[PDB]
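Colleague: No letters, just coordinates:
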């Protein structure tokens, strides 16, 4: 866009758990280009999030095989971010009837999105979620840093959908999240 950075022509939704940070088309960093970062923690100390757009070549079975029954295909670890890549976290979609606030092993982000305690018994969790994906590594923003970057036009804050977390392997996550946003963002998606 000529007038200004693409996102500065859009509305500014407040960052919060359950929202995704969409990378600007011009962001070129190998670790963050075309990422869709789900915010999983947002406090005065930091903001943590996991990219939903990058599938790794590591199969869940080769790391935590006990969770494969609950993992939505592709059953591979997704690269959540450049930090703590040995750390794995699970994001699920609550099943009908479930209220995460009533389950110790499920932490609500927003709507039906939840954090799954991977230390829990997979058999306990299985009937409580209709989908789940595992993320190795995460991204962290120092205090005030996310605001600065948003002001710089680096990120577009938008709500996440369960379909972003359980997206099939043939789906272009960054591309499709951009296509469901107001014009002219869809004109910058690419497949």
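Modeller: That came through fine. Numbering: from 1, shown residues only.

Colleague: Look up which residues are beta-bridged to the residue most central in space within the chain.
Modeller: Central residue of the chain (Cα atoms, centre = their mean): residue 38, 2.9 Å from the mean position. Residue 38 forms beta bridges with residue 20, residue 50, as assigned by DSSP bridges.

Colleague: so what strands line up beside the helix or strand where residue 84 lies?
Modeller: Following DSSP states H and E, one finds residue 84 within strand 83-94. Sheet partners assigned to strand 83-94 using DSSP bridges are listed as strand 113-116 (antiparallel), strand 129-141 (antiparallel).

Colleague: Nearest to residue 96 among the ones you listed would be which one?
Modeller: strand 129-141 (7.8 Å; Cβ to Cβ). Just so you know, the C-beta spots here come from the backbone N, C-alpha and C atoms, and that holds for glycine as well.

Colleague: May I see the buried residues of the closest one?
Modeller: Residues of strand 129-141 classed as buried: 129, 131, 132, 133, 134, 135, 136, 137, 138, 139, 140, 141 (neighbour count, 16 or more other Cβ atoms under 10 Å).

Colleague: which ones are touching residue 88?
Modeller: Each residue near residue 88 by Cβ atoms under 8 Å, 6 or more residues apart in numbering is listed here: 63, 64, 77, 118, 134, 135, 136.

Colleague: Can you verify the third one is assigned to a strand?
Modeller: Just to be clear, that refers to residue 77. Yes: the assignment for residue 77 by DSSP: H, G, I helix; E, B strand; the rest coil puts it in a strand.

Colleague: related to what we said a few turns ago, same list (the strands paired with strand 83-94) but as CSV, adding distance to residue 42.
Modeller: Shown next, in CSV, are the strands paired with strand 83-94 (distance: least, Cβ to Cβ, whole Å):
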stretch, distance to residue 42
strand 113-116, 13
strand 129-141, 9
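
Colleague: And these: which comes nearest residue 21?
Modeller: Nearest of those to residue 21, taken as Cβ to Cβ: strand 129-141 at 8.5 Å.

Colleague: Give the next helix or strand downstream of the closest one.
Modeller: By DSSP H and E, the next helix or strand past strand 129-141 is helix 145-151.

Colleague: Mind giving me the packing neighbours of that following helix?
Modeller: strand 155-159 (3 or more Cβ pairs under 8 Å, 6 or more residues apart in numbering; DSSP states H and E).
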